[PDB]
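Below you'll find the structure, written out as structure tokens, and then a few comments.
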Amino acid sequence: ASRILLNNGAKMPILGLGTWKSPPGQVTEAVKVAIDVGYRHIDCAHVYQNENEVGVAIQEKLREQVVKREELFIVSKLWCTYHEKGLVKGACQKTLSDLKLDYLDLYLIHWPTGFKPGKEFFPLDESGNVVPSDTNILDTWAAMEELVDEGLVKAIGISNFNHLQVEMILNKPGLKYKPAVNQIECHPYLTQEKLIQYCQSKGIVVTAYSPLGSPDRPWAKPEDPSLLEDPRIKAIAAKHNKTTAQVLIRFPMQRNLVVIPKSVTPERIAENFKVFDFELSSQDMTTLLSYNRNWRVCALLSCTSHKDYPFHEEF
Ligand SMILES: NC(=O)c1ccc[n+]([C@@H]2O[C@H](COP(=O)([O-])OP(=O)(O)OC[C@H]3O[C@@H](n4cnc5c(N)ncnc54)[C@H](OP(=O)(O)O)[C@@H]3O)[C@@H](O)[C@H]2O)c1
Ligand SMILES: O=C(O)CCc1cccc(-c2ccc([N+](=O)[O-])o2)c1
């Protein structure tokens with residue numbers, strides 16, 4: 001099956017196109033190509049600074065009648081500087097305006113860490129520490145629930161929440177809507193078994209981000225581990241007559257995850273979608289899981305003292 005059922009009753013395509021780091025001059029064509037070759041889920045965020053350009057592509061394909069709005073699954077995320085209850089709606093509305101949509105299929109709290117509101121996405125003190133917000137995440141969640149009730153979003157969820165943070169949302173007094181999704185980093189070097197099992201056991205769908213290990217991350221070092229170049233993964237790919245990237249995308253799919261590889265290269269966008277016609281064996285899956293080394297692409301030193309920093313806990 002190409003979609004997974006969410007706890008709001010909607011179906012979410014298990015493959016989507018990522019857009020973090022997609023240059024604004026290239027992302028419009030990337031999204032157009034993606035839709036042309038079958039993608040029906042785009043992962044966006046205000047902090048990526050390219051939602052207007054993503055929106056241009058979506059709008060053209062809707063106008064062209066290449067795809068109906070009901071067939072698309074568009075995801076965006078509430079940035080850290082908008083956790084205050086009174087800022088949530090405006091942040092969502094700005095994203096809707098940029099994407100040129102009247103609703104989002106899914107809106108995520110991007111990180112559990114709230115930051116001081118202002119123009120800067122990462123407000124810093126004079127010593128380089130991020131400046132936190134005092135807004136309780138449970139209050140941010142209530143504000144997210146209001147978006148469902150106002151028709152701006154069909155589903156709400158969370159991202160980069162650890163198990164205790166997920167539990168805190170699930171245990172919120174007066175909880176109205178459970179989170180539909182937790183979007184987290186996940187790949188063979190950070191397999192996330194514990195957190196995934198917990199989320200799935202609660203009916204929360206997990207989306208795997210950076211499934212290729214984010215080789216274009218700005219802080220990449222030459223000596224870092226590289227999934228795409230791992231000869232063991234290359235060997236599994238060769239056995240199946242697929243590329244290493246295709247194996248890396250298929251892997252989370254077979255764990256009942258959604259996966260959102262990013263590309264702005266038309267040939268790769270197409271390659272990355274050709275993952276529905278082969279199966280990794282259980283042995284392949286266990287072998288890929290065995291490569292776990294708790295290696296994390298996405299975490300910032302500036303945030304490590306924030307009270308809600310998610311990655312101190314084991315999971
Ligand atoms: N919620 C969060 O906090 C969070 C954090 C990180 C990421 N995300 C989401 O997850 C998406 C994916 O993660 P990511 O962008 O970090 O990294 P990724 O999808 O793991 O890797 C993207 C990199 O892989 C390259 N690539 C793509 N397909 C390839 C292929 N078939 N062969 C070889 N190279 C290929 C891309 O190059 P080209 O583009 O040049 O083709 C790009 O450099 C993001 O774009 C974003 O939407 C969310
Ligand atoms: O958020 C995205 O989707 C991409 C930008 C990014 C990349 C890496 C890290 C953090 C980030 C935001 C907050 C923290 N933190 O460690 O608490 O890290 C944010």
Side-chain angles (χ1 to χ4, degrees), residues 15-23 26-27 29-31 33-34 39 41-51 54 74-81 83 106-115 121-123 129-130 132 157-162 165 181-190 206-220 226-228 233 237 242-252 257-266 268-275 296-312:
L15 186 53
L17 179 70
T19 64
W20 176 39
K21 313 171 263 60
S22 297
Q26 301 176 212
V27 75
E29 181 65 8
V31 172
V33 165
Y39 290 73
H41 165 190
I42 315 294
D43 184 74
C44 309
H46 178 66
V47 78
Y48 302 165
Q49 298 185 224
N50 59 6
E51 292 192 314
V54 170
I74 309 303
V75 184
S76 188
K77 319 188 192 76
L78 178 77
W79 185 248
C80 301
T81 52
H83 282 207
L106 177 63
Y107 196 50
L108 306 178
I109 302 183
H110 204 152
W111 289 81
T113 52
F115 303 162
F121 289 153
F122 282 88
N129 307 297
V130 77
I158 58 189
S159 183
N160 303 293
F161 279 48
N162 70 35
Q165 294 169 327
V181 166
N182 190 13
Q183 179 182 127
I184 63 178
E185 189 176 334
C186 183
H187 47 69
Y189 299 157
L190 185 73
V206 172
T207 299
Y209 78 64
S210 306
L212 311 181
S214 199
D216 59 336
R217 66 197 184 278
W219 48 88
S226 167
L227 287 164
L228 289 163
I233 307 180
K242 289 285 178 176
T243 69
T244 296
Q246 289 167 328
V247 167
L248 292 167
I249 291 161
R250 183 72 192 184
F251 173 54
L257 315 176
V258 175
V259 62
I260 53 170
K262 173 266 180 185
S263 182
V264 290
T265 305
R268 289 169 170 177
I269 294 169
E271 172 179 313
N272 291 352
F273 203 75
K274 293 172 184 179
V275 293
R296 200 177 283 283
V297 160
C298 286
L300 293 172
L301 189 58
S302 65
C303 297
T304 55
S305 289
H306 191 294
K307 83 185 195 304
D308 302 310
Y309 179 74
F311 308 138
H312 294 320

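One-based numbering, in listed order, for ligands and for the atoms of each. Each residue takes its place number in the sequence, starting with 1. When reading the values below, keep in mind they use all heavy atoms of this one structure, side chains included, and skip hydrogens, waters and symmetry mates.
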Relative to the heavy atoms of [X], which atoms of ligand 1 are at a distance of less than 4.0 Å?
| X | value |
| --- | --- |
| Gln183 | 1 (N), 2 (C), 4 (C), 8 (N), 9 (C), 48 (C) |
| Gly18 | 11 (C), 45 (O), 47 (O) |
| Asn272 | 27 (C), 28 (N), 30 (C), 31 (N) |
| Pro211 | 19 (O), 20 (O) |
| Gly213 | 20 (O) |
| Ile260 | 9 (C), 10 (O), 11 (C), 12 (C) |
| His110 | 1 (N), 2 (C), 3 (O) |
| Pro261 | 19 (O) |

Original post:
Any N or O of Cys298 that comes nearer than 3.5 Å to an N or O of ligand 1?
Top reply: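 Such a contact does not occur with ligand 1.
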
Original post:
Can you check whether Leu228 has an N/O within less than 3.5 Å of an N/O in ligand 1?
Top reply: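 The answer is no, given that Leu228 and ligand 1 share no N or O pair closer than 3.5 Å.
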
Taking 4.0 Å as the limit for heavy-atom contacts, which would you say applies to [X] with ligand 1: side chain only, backbone only, both, or neither?
| X | answer |
| --- | --- |
| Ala245 | side chain |
| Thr19 | backbone |
| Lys77 | side chain |
| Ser214 | both |
| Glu271 | side chain |
| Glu185 | neither |
| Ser210 | both |

So does [Y] get a backbone contact from the side chain of [X], meaning a donor-acceptor N/O pair under 3.5 Å?
| X | Y | value |
| --- | --- | --- |
| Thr243 | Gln246 | yes |
| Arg268 | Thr265 | no |
| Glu185 | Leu190 | no |
| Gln26 | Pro23 | no |
| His46 | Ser76 | no |
| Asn50 | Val27 | no |

Is there a side-chain contact between [X] and [Y], using heavy atoms and a 4.5 Å cut-off?
| X | Y | value |
| --- | --- | --- |
| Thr207 | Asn182 | no |
| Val258 | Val181 | no |
| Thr113 | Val130 | no |
| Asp43 | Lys77 | yes |
| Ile158 | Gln165 | no |
| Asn272 | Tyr39 | yes |

Report yes if [X] has an N/O atom closer than 3.5 Å to an N/O atom of ligand 2; otherwise report no.
| X | result |
| --- | --- |
| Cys298 | no |
| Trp111 | yes |
| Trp20 | no |

Subject >> Where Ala208 and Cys186 come nearest, the two heavy atoms and their spacing >> reply: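 Scanning both residues completely, I find the closest heavy atoms to be CB-CB, 3.7 Å.
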
Decide whether the shortest distance between a heavy atom of [X] and an atom of ligand 2 is less than 4.0 Å.
| X | value |
| --- | --- |
| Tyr48 | yes |
| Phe121 | no |
| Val47 | no |

**OP:** Please could you name the atoms of ligand 2 that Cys303 approaches to less than 4.0 Å, counting only its heavy atoms?
**Re:**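 Under 4.0 Å from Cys303, ligand 2 has these atoms: 13 (C), 14 (C), 15 (N), 16 (O), 17 (O).
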
Which of the listed options, [options], holds the heavy atom that is closest to [atom]?
| atom | options | result |
| --- | --- | --- |
| atom 2 (C) of ligand 2 | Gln183, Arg296, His110 | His110 |
| atom 19 (O) of ligand 1 | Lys274, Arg268, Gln246, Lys262 | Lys262 |
| atom 16 (O) of ligand 2 | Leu300, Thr304, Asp43 | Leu300 |

Original post:
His312 vs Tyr309 aromatic rings, parallel, tilted or perpendicular, using cut-offs 30° and 60°?
Top reply: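 Rings of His312 and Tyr309: tilted, 30 to 60°.
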
Original post:
What residue and atom, counting heavy atoms only, is the protein's closest point to atom 8 (C) of ligand 2, and at what distance?
Top reply: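 I find the closest protein heavy atom is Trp219 CH2, 3.6 Å.
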
Original post:
Looking only at side chains, do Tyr209 and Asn160 share a donor and an acceptor under 3.5 Å apart?
Top reply: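 The answer is yes; a qualifying pair exists.
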
**OP:** Please check if the distance between the ring centroids of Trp79 and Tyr48 is under 6.0 Å.
**Re:**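 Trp79 vs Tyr48: aromatic centres not under 6.0 Å.
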
Original post:
Where does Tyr209 meet ligand 2, judged by heavy-atom distances below 4.0 Å: at the side chain, the backbone, both, or neither?
Top reply: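 The answer is neither; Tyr209 stays 4.0 Å or more away.
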
